[PDB]
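So the structure is just underneath, and the comments pick up after that.
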Amino acid sequence: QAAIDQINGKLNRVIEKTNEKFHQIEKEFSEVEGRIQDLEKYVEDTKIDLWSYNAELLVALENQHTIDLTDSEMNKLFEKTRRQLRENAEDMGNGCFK
Amino acid sequence: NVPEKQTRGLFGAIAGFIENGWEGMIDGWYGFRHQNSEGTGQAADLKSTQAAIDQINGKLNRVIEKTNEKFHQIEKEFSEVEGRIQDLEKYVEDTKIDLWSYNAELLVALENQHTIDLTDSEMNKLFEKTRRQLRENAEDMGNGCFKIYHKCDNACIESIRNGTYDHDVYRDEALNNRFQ
Amino acid sequence: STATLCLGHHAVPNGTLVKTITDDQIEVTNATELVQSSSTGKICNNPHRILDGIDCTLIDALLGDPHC
Amino acid sequence: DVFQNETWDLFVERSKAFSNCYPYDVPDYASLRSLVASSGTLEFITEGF
Ligand SMILES: *[C@@H]1O[C@H](CO)[C@@H](O)[C@H](O)[C@H]1NC(C)=O
Ligand SMILES: *[C@@H]1O[C@H](CO)[C@@H](O)[C@H](O)[C@H]1NC(C)=O
Ligand SMILES: *[C@@H]1O[C@H](CO)[C@@H](O)[C@H](O)[C@H]1NC(C)=O
Ligand SMILES: *[C@@H]1O[C@H](CO)[C@@H](O)[C@H](O)[C@H]1NC(C)=O
C-alpha cells in the first residue's frame, strides 16, 4: 500500500494541473514573410525543444526514483523482518531467513 | 518530522527509538538517549548534525546564489490592441513564465526529496556506525535501540558516542550474558 | 543487569508541509519560502538612478513639452 | 451572410474556404484576423453615418 500510494501520488503530480491556453501565435504559415515569421517559428521551436527536454528529464527521474523507492521498500521490509528475528534466525543472503 | 508527545506505544518505563522523533532536544538534530545502572541520560551527535546542516545550507546557497540581472526587456503589459507583434510578445512572455514555473516546481520537489533522503541516510549511517562499534557486546532491538549486555556506565556511553569505545574489554561478559 | 542505548532525531510540535517527488504533502521540522509574494509598495531610489516622470511621458520629455 | 452576429470560442477555417465578392487585400491581414478571432464575436451595430 505504501509503494502504491507513492506511485499514484507521483502520477497525479505529473498529470494534474493541465495548462489551459486559448489564443496563441500562428504556428503554420502558407506564405513567405521573413523576419516576423522566422521569429515566430523560432519561438515555437524553442518552446517545443525545451518542453521535450523537460518531459524526457522528468520521466527519467520519475522512473529512476520509482525503481529506487520500490527497492528501498523491499530492503526496508527485509530489514524489519531481520530485526524482528533478533537472534532466533540467521540471514541466508538470498533474501531468506533460516 | 515525526512527533512523539504521548510516548506513542509504551509507558515511561521503556521509551526512545528511531521510528519516532524526539522533541526534548534543541542542541542537535541527531542524538542518543541511554538508560543504565547509573541512571538515564541524553546527548546530541555533533558530527552528523553538522554534516547534514552543511549539506542543507549548501543546497540552499546553490538555489539562491547567482541571481540573474536584467535591465531592458520587451513590453509585457499593453494598453492597445495591435495583433501579430503584441500576440507574439505575450506568447513569448507566457512561455518563459510557464517554463520557469515548471522549473521551480521540479527543483523544489527534487531538493525536498533529496533533503529528506539524505537526512534519513545520515540517521541510518549513524545507527550503522553505532551498531558496528557494538561489534558483539550489543544486540539490535529493531526500534532504533541497542541492548548492551554489560555494565555500560556513563563513561561507556560516552566512549560509544565519541568513538573511543573498545568492545573486547567487555566481550567476555557480554557474550556470556547474551547466551547464558 | 544491562544497559540500553537508543538513537534518534529531533522533532517539533508542529512542522511545515512540503511537496516531494514521492509524497505530495510531507511534514518537515523547518522550511523556507522561496517565492517572494509581497512588495514594499515603494520604489527604492538606490542604487539605480530612478527618474520620476511625474506628469510626463518619456516622449514628451524627449520632444521638450513645455511642462516637461 | 449566415455568419452575421455569430459568436464562437473557436472559429474553424476550412482549406476549401473561398472569397466570392469584390477582390480585396488586408494590409496586416494576420493582425486583423487574430484580433477578430480573439474578440470572439461578429456582433455588428449599425450607426447613423
Ligand atoms: C571519549 O569518552 C571516554 C569516556 O568518557 C573518554 O575517556 C575519552 O577521553 C573521550 N574521548 C574524547 C576525544 O573526548
Ligand atoms: C499541525 O497543525 C495543523 C493545523 O491545521 C494540523 O491540522 C495538524 O494536525 C498539526 N499537527 C500536529 C502534530 O499538531
Ligand atoms: C530554519 O532554517 C532557516 C534557514 O536556514 C534558519 O534561518 C532558521 O533559523 C531555521 N529555524 C529553525 C527553527 O531551525
Ligand atoms: C446584431 O446584434 C445587434 C445588437 O448587438 C443588433 O443591433 C443587430 O440588429 C443584430 N444584427 C442581426 C443581423 O441580427
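Labeling convention for the C-alpha cells: chains A, B, ... as they appear, residues from 1 per chain, ligands from 1 in order of appearance.
Within 8 Å of chain B, and using only C-alpha atoms, the residues found on chain A are residues 24, 25, 40, 43, 47, 51, 80, 83, 84 and 86 of chain A.
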May I have the residues within 10 Å of ligand 4, computed using only C-alpha atoms and all ligand atoms, as number ranges by chain? D: 1-6, 42-47
re atom CA of residue 17 of chain A and atom CA of residue 68 of chain A: distance 26.1 Å
All helix (DSSP H, G or I) positions in chain D, as a PyMOL selection string: chain D and resi 29-39
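Residues within 12 Å of residue 11 of chain D, counting only C-alpha atoms and excluding same-chain residues fewer than 4 positions away, are residues 22 and 23 of chain A; 3, 6, 7, 33, 34, 36, 37, 38, 39, 40, 41 and 42 of chain D.
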Mind dumping the selected residues with N, CA, C and O atoms as a compact mmCIF listing (two decimals), in the first residue's frame?
# COMPACT_ATOMS: atom_id res chain seq x y z
N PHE A 22 -5.77 29.44 -24.86
CA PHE A 22 -6.90 29.72 -25.75
C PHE A 22 -6.46 30.38 -27.05
O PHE A 22 -6.74 29.84 -28.13
N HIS A 23 -5.79 31.53 -26.99
CA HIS A 23 -5.33 32.22 -28.18
C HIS A 23 -3.81 32.24 -28.19
O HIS A 23 -3.17 32.47 -27.16
N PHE D 3 -23.21 34.09 -41.21
CA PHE D 3 -22.39 34.24 -40.02
C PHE D 3 -22.60 35.58 -39.32
O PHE D 3 -21.85 35.91 -38.40
N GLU D 6 -22.58 36.22 -35.34
CA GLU D 6 -22.20 34.95 -34.75
C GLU D 6 -21.15 35.15 -33.66
O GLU D 6 -20.44 36.16 -33.61
N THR D 7 -21.07 34.17 -32.77
CA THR D 7 -20.08 34.15 -31.70
C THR D 7 -19.48 32.76 -31.61
O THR D 7 -20.11 31.77 -31.99
N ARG D 33 -7.15 39.39 -38.50
CA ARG D 33 -7.71 38.07 -38.27
C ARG D 33 -7.56 37.66 -36.82
O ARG D 33 -8.51 37.19 -36.19
N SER D 34 -6.37 37.86 -36.25
CA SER D 34 -6.11 37.45 -34.88
C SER D 34 -6.95 38.25 -33.89
O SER D 34 -7.51 37.68 -32.95
N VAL D 36 -9.81 39.84 -34.43
CA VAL D 36 -11.21 39.49 -34.57
C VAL D 36 -11.48 38.14 -33.92
O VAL D 36 -12.49 37.95 -33.23
N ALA D 37 -10.59 37.17 -34.13
CA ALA D 37 -10.77 35.86 -33.51
C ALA D 37 -10.73 35.96 -32.00
O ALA D 37 -11.55 35.34 -31.31
N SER D 38 -9.79 36.74 -31.46
CA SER D 38 -9.71 36.91 -30.02
C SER D 38 -10.94 37.63 -29.48
O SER D 38 -11.36 37.38 -28.35
N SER D 39 -11.52 38.54 -30.27
CA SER D 39 -12.75 39.20 -29.85
C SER D 39 -13.86 38.18 -29.65
O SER D 39 -14.63 38.27 -28.68
N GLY D 40 -13.97 37.21 -30.54
CA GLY D 40 -14.90 36.12 -30.39
C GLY D 40 -16.31 36.38 -30.88
O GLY D 40 -17.16 35.49 -30.76
N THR D 41 -16.58 37.56 -31.41
CA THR D 41 -17.92 37.89 -31.87
C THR D 41 -17.85 38.73 -33.14
O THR D 41 -16.90 39.49 -33.35
N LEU D 42 -18.87 38.57 -33.98
CA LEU D 42 -19.10 39.45 -35.12
C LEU D 42 -20.30 40.35 -34.90
O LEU D 42 -20.93 40.81 -35.86
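Interface residues of chain A facing chain C, defined by any atom at most 9 Å away and using only C-alpha atoms, are residues 5, 6, 7, 8, 9, 10, 13, 62, 65, 66 and 69 of chain A.
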Export of prior selection with C-alpha atoms as a PDB file, in the first residue's frame:
ATOM      1  CA  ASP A   5       0.344   5.261  -2.706  1.00  0.00           C
ATOM      2  CA  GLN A   6       3.676   6.868  -3.578  1.00  0.00           C
ATOM      3  CA  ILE A   7       3.444   5.730  -7.210  1.00  0.00           C
ATOM      4  CA  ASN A   8      -0.101   7.038  -7.644  1.00  0.00           C
ATOM      5  CA  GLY A   9       0.848  10.276  -5.898  1.00  0.00           C
ATOM      6  CA  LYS A  10       3.706  10.939  -8.296  1.00  0.00           C
ATOM      7  CA  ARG A  13       1.537  15.173  -9.577  1.00  0.00           C
ATOM      8  CA  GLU A  62      10.481   9.628 -12.018  1.00  0.00           C
ATOM      9  CA  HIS A  65      13.116   7.195  -8.220  1.00  0.00           C
ATOM     10  CA  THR A  66      10.234   4.745  -8.656  1.00  0.00           C
ATOM     11  CA  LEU A  69      11.877   3.578  -3.780  1.00  0.00           C
TER      12      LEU A  69
END
Within 8 Å of ligand 1 (counting only C-alpha atoms and all ligand atoms), which residues show up? I'd like them as a ChimeraX atom specification. /B:154-165
All residues within 7 Å of ligand 3 are required, counting only C-alpha atoms and all ligand atoms; please report them as a VMD selection string. (chain B and resid 57) or (chain C and resid 30 to 32)
Output the selection as an mmCIF file, in the first residue's frame - N, CA and C atoms for each residue.
data_model
loop_
_atom_site.group_PDB
_atom_site.id
_atom_site.type_symbol
_atom_site.label_atom_id
_atom_site.label_comp_id
_atom_site.auth_asym_id
_atom_site.auth_seq_id
_atom_site.Cartn_x
_atom_site.Cartn_y
_atom_site.Cartn_z
ATOM 1 N N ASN B 57 22.451 23.786 4.008
ATOM 2 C CA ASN B 57 22.802 25.169 3.713
ATOM 3 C C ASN B 57 23.499 25.289 2.367
ATOM 4 N N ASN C 30 11.612 22.187 9.617
ATOM 5 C CA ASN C 30 11.873 23.572 9.259
ATOM 6 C C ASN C 30 11.853 23.705 7.745
ATOM 7 N N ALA C 31 11.315 24.824 7.266
ATOM 8 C CA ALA C 31 11.215 25.076 5.839
ATOM 9 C C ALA C 31 11.313 26.572 5.589
ATOM 10 N N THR C 32 11.639 26.923 4.347
ATOM 11 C CA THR C 32 11.783 28.317 3.947
ATOM 12 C C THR C 32 10.995 28.585 2.676
#
Tell me as a PyMOL selection string which residues belonging to chain B come within 6 Å of chain C, counting only C-alpha atoms. chain B and resi 1+3+16-18+21-23+29-36+109+112-113+144-152
Any idea which chain D residues end up within 8 Å of chain B if we count only C-alpha atoms, as a PDB file with N, CA, C and O atoms, in the first residue's frame please?
ATOM      1  N   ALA D  30      -2.976  39.260 -40.946  1.00  0.00           N
ATOM      2  CA  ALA D  30      -2.861  38.413 -39.767  1.00  0.00           C
ATOM      3  C   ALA D  30      -3.312  39.144 -38.513  1.00  0.00           C
ATOM      4  O   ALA D  30      -3.974  38.559 -37.652  1.00  0.00           O
ATOM      5  N   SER D  31      -2.953  40.422 -38.383  1.00  0.00           N
ATOM      6  CA  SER D  31      -3.322  41.172 -37.187  1.00  0.00           C
ATOM      7  C   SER D  31      -4.836  41.295 -37.064  1.00  0.00           C
ATOM      8  O   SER D  31      -5.405  41.061 -35.990  1.00  0.00           O
ATOM      9  N   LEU D  32      -5.504  41.663 -38.157  1.00  0.00           N
ATOM     10  CA  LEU D  32      -6.956  41.790 -38.127  1.00  0.00           C
ATOM     11  C   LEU D  32      -7.611  40.449 -37.836  1.00  0.00           C
ATOM     12  O   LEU D  32      -8.529  40.357 -37.014  1.00  0.00           O
ATOM     13  N   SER D  34      -6.369  37.862 -36.255  1.00  0.00           N
ATOM     14  CA  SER D  34      -6.109  37.452 -34.883  1.00  0.00           C
ATOM     15  C   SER D  34      -6.946  38.247 -33.893  1.00  0.00           C
ATOM     16  O   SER D  34      -7.506  37.676 -32.953  1.00  0.00           O
ATOM     17  N   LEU D  35      -7.047  39.566 -34.077  1.00  0.00           N
ATOM     18  CA  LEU D  35      -7.805  40.355 -33.114  1.00  0.00           C
ATOM     19  C   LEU D  35      -9.298  40.087 -33.225  1.00  0.00           C
ATOM     20  O   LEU D  35      -9.998  40.082 -32.207  1.00  0.00           O
TER      21      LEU D  35
END
Which residues, written as an MDAnalysis selection string, have at least one atom at most 7 Å from segment 39-56 of chain C, with only C-alpha atoms counted and residues fewer than 4 positions away on the same chain left out? chainID C and resid 60:61 68
